[PDB]
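Right, one structure below, let's go through it.
Shown next as structure tokens:
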């Protein structure tokens, strides 16, 4: 019996990879597998095997609020007794945020981070680290959001994957934070680095934001000089990018 349920599971997993191309025959997973796991008879293994199936059924059954009930009882089963709980908890966090109840959604995200640090996967660690930076933006804790944002852009750089529009936009907008805190010698670094990755419709207007960032940089620094009371190199540079801006 074990050989055939393994094949049925693998068939269902392959199916999930596909007018609608969805739902069809996917429900076979539930009836085919539960038909065997039911009479499972340490037997604790049955709890782990059920949790895996319940996880997939919960996520798949999203297309639907009923999916929440499936995810909760999975975590309940696991918590009452090695990385699955983390994968599932992140999903409940996002769900509630999308439902505009971010006051409580943050409770899941912050908990998952503390668990990782204290208790101890690597492939998915950066997801909650990215998402946590976002909810802080709605709570307007600007210093904390800026901190996490930087951490993800740097850590992301280790792993080979890179993108042309992701980095050019995000690295650019971060610079605005340091301009507001009058960091003349630090903000320069961000725009310079962003231009290099970019060098490696959507494909045309993507560049428009970069032009605007350099203009604000140049003007803010010069005007600072008028607080008191041979320098034109900064003015010619500004114009040199102004034509591109226009």
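In UniProt numbering, the protein residues as written are 5 to 22, 32 to 54, 86 to 107, 111 to 128, 135 to 173, 203 to 282, 301 to 329, 389 to 405. Beta carbons are placed, not taken as given, at the ideal position from N, Cα and C, and that holds for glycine.
Under the DSSP assignment, residue 126 falls in the alpha helix (DSSP H) whose first and last residues are 113 to 126.
A Cβ-Cβ separation of about 6 Å places residue 254 in contact with residue 309 under the 8 Å criterion.
Here DSSP, grouped into helix, strand and coil, assigns residue 10 to helix. With a contact defined as Cβ atoms closer than 8 Å, residue 161 and residue 146 qualify at about 4 Å. In terms of Cβ geometry, residue 258 and residue 314 do not form a close pair [threshold 8 Å]. Judged by beta-carbon spacing, residue 95 lies beyond the 8 Å limit of residue 42, meaning their Cβ atoms are not closer than that value.
If you look at residue 280, you'll find it in the alpha helix (DSSP H) that goes 266 to 280. For residue 256, the CB contacts under 8 Å within the same chain, skipping 5 residues up- and downstream, are 228, 231, 232, 235 and 272 in chain order.
In the three-state reduction of the DSSP assignment, residue 164 falls in the helix class, which pools H, G and I.
The residues 165, in chain order, have a CB closer than 6 Å to that of residue 139 in the same chain once the five nearest residues on each side in sequence are set aside. Of the candidates 123, 220, 270 and 143, the residue whose Cα lies closest to the Cα of residue 207 is 143. Of all alpha-carbon atoms in 10, 247, 389 and 89, the one lying nearest the alpha-carbon of residue 278 is that of 247.
One alpha carbon belongs to residue 212, the other to residue 329, and they sit about 46 Å apart. Straight through space, the alpha carbons of residue 317 and residue 391 are spaced by roughly 15 Å.
Only exposed fits residue 6, as fewer than 16 other CB atoms lie within 10 angstroms of its CB.
Cβ contact annotation for residue 117 (same chain, cutoff 7 Å, sequence separation greater than five): 98, 101, 102 and 105, in chain order.
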